[PDB]
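Have a look at the structure below before the remarks.
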Amino acid sequence: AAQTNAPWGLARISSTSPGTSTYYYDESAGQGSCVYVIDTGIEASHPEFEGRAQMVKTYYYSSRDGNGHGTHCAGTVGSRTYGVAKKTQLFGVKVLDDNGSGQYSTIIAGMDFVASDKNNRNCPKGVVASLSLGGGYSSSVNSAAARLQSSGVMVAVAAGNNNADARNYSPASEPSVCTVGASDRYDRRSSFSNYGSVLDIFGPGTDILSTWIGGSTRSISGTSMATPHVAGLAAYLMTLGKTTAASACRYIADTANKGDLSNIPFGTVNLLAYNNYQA
Ligand SMILES: [Ca+2]
């Protein structure tokens, strides 16, 4: 399948070269997979989700996304227009308040929630969790992300936006999960992206168009925006039978575009997520 005039980031993950605007993908489109978006919530009534999104948990007085961030991330995973895996099921877990903040104890609770909750959902092709959030190093936060991965969920996490070594941020620094940095439309590392030996992969993160609250759309930037590209890609590849939750991060790195990014510090991987789709 081909979607013309796609957002650049979707075009980039199905291309060997920058500078194109069509997204090419298998029509299966992540059907039968599930992606948890652990964030500020998801505006499930947004037409772009077509009834495929629902809120399953909140730790606040409401399950609604009063911020936008979670809706944007969810859109990049699985909206009709802006999403990687256009037929995936999206589940929202609201661990961040409407200011975008959350205590680590709540975040941990949300990750353990997903490890259990997947047993209540029909996801025959596999389960992914997308975590566009982080803060200073915490062994307890890393441990929770490791447990979620161990339970059979592909965990994708944002590297962080401090232009620093991700070793000092959590859950970015947990080795067993898939830590995602950000690139721009000219194949440069995004100027804010964290880096370091703990990164596994890069995805599009600068000027990413996706869904927003109030039934709207907007373009924003961050490792938060790269992460759902990789989460969506994992769901898409799992549906195709190419990989599993345990091995999807390694499979994505193995099949990535290699050596095409600039401003990659020495010791950081030069790997850009790629779907390897040949029509
Ligand atoms: Ca890793």
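Every chain in the structure tokens takes a letter, A first, then B, and so on in the order presented; its residues are numbered from 1, and the ligands are numbered from 1 following the presented order.
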Residues within 6 Å of ligand 1, counting only C-alpha atoms and all ligand atoms: report them as a PyMOL selection string. chain A and resi 175-179+200
Using only C-alpha atoms, tabulate the residues of stretch 167-208 of chain A lying at most 8 Å from any atom of stretch 11-29 of chain A, each with its closest atom pair and that distance in Å to one decimal, by chain and increasing residue number, as CSV.
residue,atom,partner,partner_atom,distance
A:185,CA,A:18,CA,6.7
A:186,CA,A:18,CA,6.4
A:187,CA,A:18,CA,6.9
A:203,CA,A:13,CA,7.7
A:204,CA,A:12,CA,7.5
With N, CA, C and O atoms retained, could you export that selection as a compact mmCIF listing (two decimals), in the first residue's frame?
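Heads up, here's the output in out-v3.txt:
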# COMPACT_ATOMS: atom_id res chain seq x y z
N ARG A 185 14.30 15.81 9.21
CA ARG A 185 13.94 15.41 7.86
C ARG A 185 15.15 15.39 6.93
O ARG A 185 15.04 14.91 5.78
N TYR A 186 16.29 15.95 7.39
CA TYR A 186 17.53 15.96 6.61
C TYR A 186 18.53 14.94 7.14
O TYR A 186 19.70 14.99 6.79
N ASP A 187 18.06 14.00 7.96
CA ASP A 187 18.88 12.92 8.50
C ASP A 187 19.98 13.47 9.40
O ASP A 187 21.05 12.88 9.49
N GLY A 203 14.52 7.38 15.37
CA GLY A 203 13.32 7.58 14.61
C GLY A 203 13.06 9.07 14.40
O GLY A 203 13.67 9.93 15.08
N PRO A 204 12.22 9.42 13.42
CA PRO A 204 11.84 10.82 13.15
C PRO A 204 11.26 11.50 14.40
O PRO A 204 10.31 10.99 14.99
Point-to-point distance from atom CA of residue A:210 to atom CA of residue A:192, Å rounded to tenths: 19.8 Å
Any idea what's packed within 6 Å of residue A:180, counting only C-alpha atoms, ignoring anything in its chain fewer than 2 positions away? Could you give it as a VMD selection string? chain A and resid 158 to 159 201 to 202 227
Can you pull out the residues contacting residue A:117? Cut-off 12 Å, using only C-alpha atoms, and skip same-chain residues under 4 positions away; I want them as a list in words.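 Surrounding residues, per the criterion: residues 34, 35, 36, 56, 57, 91, 92, 93, 109, 110, 111, 112, 113, 121, 122, 123, 127, 129, 148, 151, 152 and 153 of chain A.
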May I have the residues within 8 Å of residue A:142 as a compact mmCIF listing (two decimals) with N, CA, C and O atoms, in the first residue's frame, using only C-alpha atoms and disregarding those fewer than 2 positions away in the same chain?
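What landed in selection-v5.txt:
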# COMPACT_ATOMS: atom_id res chain seq x y z
N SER A 138 16.56 6.53 37.96
CA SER A 138 15.95 5.81 39.07
C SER A 138 16.02 4.31 38.82
O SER A 138 15.48 3.84 37.82
N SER A 139 16.65 3.56 39.73
CA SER A 139 16.75 2.13 39.52
C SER A 139 15.35 1.51 39.55
O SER A 139 15.10 0.55 38.85
N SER A 140 14.44 2.06 40.36
CA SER A 140 13.10 1.50 40.48
C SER A 140 12.30 1.66 39.18
O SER A 140 11.54 0.78 38.77
N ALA A 144 11.04 -1.41 36.61
CA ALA A 144 9.67 -1.56 36.16
C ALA A 144 9.60 -1.72 34.64
O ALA A 144 8.85 -2.55 34.13
N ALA A 145 10.46 -1.00 33.93
CA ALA A 145 10.51 -1.11 32.47
C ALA A 145 11.08 -2.46 32.07
O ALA A 145 10.55 -3.06 31.12
N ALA A 146 12.05 -2.98 32.83
CA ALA A 146 12.62 -4.30 32.60
C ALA A 146 11.56 -5.38 32.85
O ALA A 146 11.49 -6.38 32.13
N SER A 170 15.86 7.96 33.11
CA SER A 170 15.11 6.73 33.26
C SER A 170 13.71 6.95 32.70
O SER A 170 13.15 8.05 32.84
N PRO A 171 13.10 5.94 32.06
CA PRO A 171 13.68 4.61 31.83
C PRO A 171 14.60 4.44 30.62
O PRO A 171 14.96 3.31 30.30
N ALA A 172 15.04 5.56 30.01
CA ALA A 172 15.93 5.50 28.85
C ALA A 172 17.13 4.59 29.08
O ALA A 172 17.62 3.94 28.15
N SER A 173 17.70 4.63 30.30
CA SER A 173 18.96 3.98 30.60
C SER A 173 18.83 2.48 30.88
O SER A 173 19.86 1.82 31.09
N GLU A 174 17.63 1.92 30.88
CA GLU A 174 17.43 0.50 31.14
C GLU A 174 17.86 -0.29 29.90
O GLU A 174 17.29 -0.08 28.83
DSSP on the backbone: what in stretch 85-257 of chain A comes out helix (DSSP H, G or I), as a compact mmCIF listing (two decimals) with N, CA and C atoms, in the first residue's frame?
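Contents of out11.txt, freshly written:
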# COMPACT_ATOMS: atom_id res chain seq x y z
N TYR A 104 7.17 9.34 39.94
CA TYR A 104 7.70 8.06 39.51
C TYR A 104 6.86 6.88 40.04
N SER A 105 6.35 6.97 41.26
CA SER A 105 5.56 5.87 41.81
C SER A 105 4.32 5.59 40.92
N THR A 106 3.71 6.65 40.36
CA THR A 106 2.55 6.49 39.47
C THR A 106 2.96 5.83 38.15
N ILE A 107 4.10 6.28 37.60
CA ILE A 107 4.64 5.78 36.36
C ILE A 107 4.96 4.28 36.50
N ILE A 108 5.59 3.91 37.61
CA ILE A 108 5.89 2.51 37.88
C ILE A 108 4.58 1.72 37.90
N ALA A 109 3.58 2.24 38.63
CA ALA A 109 2.29 1.56 38.74
C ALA A 109 1.70 1.31 37.35
N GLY A 110 1.81 2.32 36.47
CA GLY A 110 1.27 2.20 35.12
C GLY A 110 1.97 1.13 34.26
N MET A 111 3.28 0.93 34.46
CA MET A 111 4.01 -0.07 33.72
C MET A 111 3.62 -1.48 34.22
N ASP A 112 3.56 -1.68 35.54
CA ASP A 112 3.12 -2.96 36.08
C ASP A 112 1.67 -3.24 35.67
N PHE A 113 0.85 -2.17 35.57
CA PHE A 113 -0.52 -2.33 35.11
C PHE A 113 -0.56 -2.97 33.71
N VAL A 114 0.25 -2.48 32.79
CA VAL A 114 0.26 -3.00 31.42
C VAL A 114 0.71 -4.45 31.36
N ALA A 115 1.71 -4.82 32.17
CA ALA A 115 2.18 -6.19 32.24
C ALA A 115 1.03 -7.15 32.56
N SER A 116 0.10 -6.73 33.44
CA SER A 116 -1.03 -7.56 33.79
C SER A 116 -2.15 -7.41 32.77
N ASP A 117 -2.47 -6.14 32.46
CA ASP A 117 -3.64 -5.82 31.65
C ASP A 117 -3.64 -6.46 30.25
N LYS A 118 -2.48 -6.73 29.70
CA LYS A 118 -2.41 -7.37 28.39
C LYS A 118 -3.13 -8.72 28.41
N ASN A 119 -3.22 -9.39 29.58
CA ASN A 119 -3.92 -10.64 29.75
C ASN A 119 -5.44 -10.46 29.67
N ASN A 120 -5.91 -9.22 29.65
CA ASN A 120 -7.33 -8.90 29.55
C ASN A 120 -7.71 -8.42 28.15
N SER A 139 16.65 3.56 39.73
CA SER A 139 16.75 2.13 39.52
C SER A 139 15.35 1.51 39.55
N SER A 140 14.44 2.06 40.36
CA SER A 140 13.10 1.50 40.48
C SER A 140 12.30 1.66 39.18
N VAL A 141 12.48 2.80 38.52
CA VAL A 141 11.83 3.04 37.23
C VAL A 141 12.40 2.11 36.16
N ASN A 142 13.73 1.94 36.15
CA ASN A 142 14.35 1.04 35.18
C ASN A 142 13.86 -0.41 35.39
N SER A 143 13.75 -0.80 36.66
CA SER A 143 13.34 -2.15 37.01
C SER A 143 11.91 -2.41 36.51
N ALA A 144 11.04 -1.41 36.61
CA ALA A 144 9.67 -1.56 36.16
C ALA A 144 9.60 -1.72 34.64
N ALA A 145 10.46 -1.00 33.93
CA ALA A 145 10.51 -1.11 32.47
C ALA A 145 11.08 -2.46 32.07
N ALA A 146 12.05 -2.98 32.83
CA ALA A 146 12.62 -4.30 32.60
C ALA A 146 11.56 -5.38 32.85
N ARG A 147 10.74 -5.21 33.90
CA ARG A 147 9.68 -6.19 34.18
C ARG A 147 8.67 -6.24 33.04
N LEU A 148 8.26 -5.05 32.55
CA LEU A 148 7.26 -4.95 31.50
C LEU A 148 7.77 -5.68 30.25
N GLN A 149 9.04 -5.43 29.89
CA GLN A 149 9.69 -6.13 28.76
C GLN A 149 9.72 -7.65 28.99
N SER A 150 10.17 -8.07 30.18
CA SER A 150 10.25 -9.47 30.54
C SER A 150 8.88 -10.17 30.38
N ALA A 166 22.16 9.55 27.58
CA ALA A 166 20.91 8.98 28.10
C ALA A 166 21.14 8.05 29.29
N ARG A 167 22.40 7.70 29.60
CA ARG A 167 22.74 6.84 30.74
C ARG A 167 22.20 7.41 32.04
N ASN A 168 21.99 8.75 32.07
CA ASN A 168 21.56 9.43 33.29
C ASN A 168 20.06 9.72 33.37
N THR A 223 12.05 13.53 21.39
CA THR A 223 12.21 12.07 21.40
C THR A 223 10.88 11.39 21.71
N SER A 224 9.96 12.14 22.33
CA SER A 224 8.57 11.70 22.51
C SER A 224 7.89 11.33 21.21
N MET A 225 8.25 12.01 20.13
CA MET A 225 7.66 11.80 18.81
C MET A 225 8.38 10.70 18.03
N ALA A 226 9.67 10.45 18.30
CA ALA A 226 10.40 9.37 17.67
C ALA A 226 9.93 8.01 18.18
N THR A 227 9.69 7.96 19.51
CA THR A 227 9.36 6.71 20.20
C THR A 227 8.16 6.01 19.55
N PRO A 228 7.00 6.69 19.33
CA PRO A 228 5.84 6.04 18.73
C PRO A 228 6.03 5.57 17.29
N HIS A 229 6.97 6.17 16.55
CA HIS A 229 7.32 5.62 15.24
C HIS A 229 7.86 4.20 15.41
N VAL A 230 8.75 4.01 16.40
CA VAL A 230 9.34 2.70 16.63
C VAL A 230 8.32 1.73 17.23
N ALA A 231 7.50 2.20 18.17
CA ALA A 231 6.43 1.40 18.75
C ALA A 231 5.47 0.91 17.66
N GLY A 232 5.01 1.84 16.80
CA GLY A 232 4.18 1.48 15.66
C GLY A 232 4.85 0.49 14.72
N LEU A 233 6.15 0.70 14.43
CA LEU A 233 6.85 -0.19 13.55
C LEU A 233 6.91 -1.60 14.13
N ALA A 234 7.18 -1.70 15.45
CA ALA A 234 7.23 -3.00 16.11
C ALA A 234 5.88 -3.74 15.96
N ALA A 235 4.76 -3.03 16.18
CA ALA A 235 3.45 -3.63 16.06
C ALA A 235 3.22 -4.13 14.64
N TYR A 236 3.57 -3.30 13.65
CA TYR A 236 3.48 -3.65 12.23
C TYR A 236 4.29 -4.91 11.89
N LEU A 237 5.53 -4.98 12.38
CA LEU A 237 6.39 -6.15 12.10
C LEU A 237 5.94 -7.43 12.79
N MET A 238 5.34 -7.29 13.98
CA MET A 238 4.83 -8.41 14.75
C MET A 238 3.62 -9.01 14.01
N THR A 239 2.73 -8.14 13.49
CA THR A 239 1.60 -8.60 12.70
C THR A 239 2.06 -9.39 11.48
N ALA A 248 12.01 -7.74 19.06
CA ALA A 248 11.69 -6.72 18.07
C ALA A 248 12.72 -5.58 18.02
N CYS A 249 13.24 -5.14 19.19
CA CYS A 249 14.25 -4.07 19.21
C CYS A 249 15.49 -4.49 18.41
N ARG A 250 15.97 -5.72 18.62
CA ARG A 250 17.12 -6.26 17.92
C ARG A 250 16.84 -6.39 16.42
N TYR A 251 15.63 -6.83 16.07
CA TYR A 251 15.26 -6.98 14.66
C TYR A 251 15.23 -5.61 13.94
N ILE A 252 14.69 -4.60 14.62
CA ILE A 252 14.64 -3.24 14.08
C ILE A 252 16.07 -2.73 13.89
N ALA A 253 16.96 -2.94 14.86
CA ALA A 253 18.33 -2.49 14.68
C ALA A 253 19.01 -3.25 13.55
N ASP A 254 18.80 -4.57 13.44
CA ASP A 254 19.41 -5.40 12.43
C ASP A 254 18.99 -4.95 11.03
N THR A 255 17.75 -4.46 10.87
CA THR A 255 17.21 -4.16 9.55
C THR A 255 17.17 -2.66 9.25
Using only C-alpha atoms, find the one residue out of A:184, A:54, A:189, A:154 that sits nearest to residue A:269. A:189
